[PDB]
């Protein structure tokens, strides 16, 4: 897919490359960047301060993730372990129905 819009409106402000990619400010408070690739090199940090950020594609995080609010995953997640309320899911047990202990989490069957 190639998307290099060229329309301009009265009052637009921008940075424009002759190949067609650009950064544009236009009416109704909109900033629109249209290009092949965006690279950000920020020595210290990037902050995105907005009520909602949406990524339409895949996201890869090469170090860690922290989330303060609730997370909703619509498809399966995979992890080597999930520590849930201090308890390893991989190795958790239960008090069994005869008052002993079960073995650890096992493969479905």
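Numbering follows the first chain given and starts at 1.
Annotation for 83-91 versus 18-26: the higher mean temperature factor (C-alpha) is found in 83-91. For residue 44, the recorded CA B-factor ranks within the middle third of the chain. Only modelled residues enter the ranking. When all modelled residues of the chain are sorted by CA temperature factor, residue 72 is found within the middle third. Residue 50: CA B factor in the lowest third of modelled residues in this chain (values from the PDB entry).
Residue 56 sits in the middle third of its chain by CA B factor, as recorded in the PDB entry.
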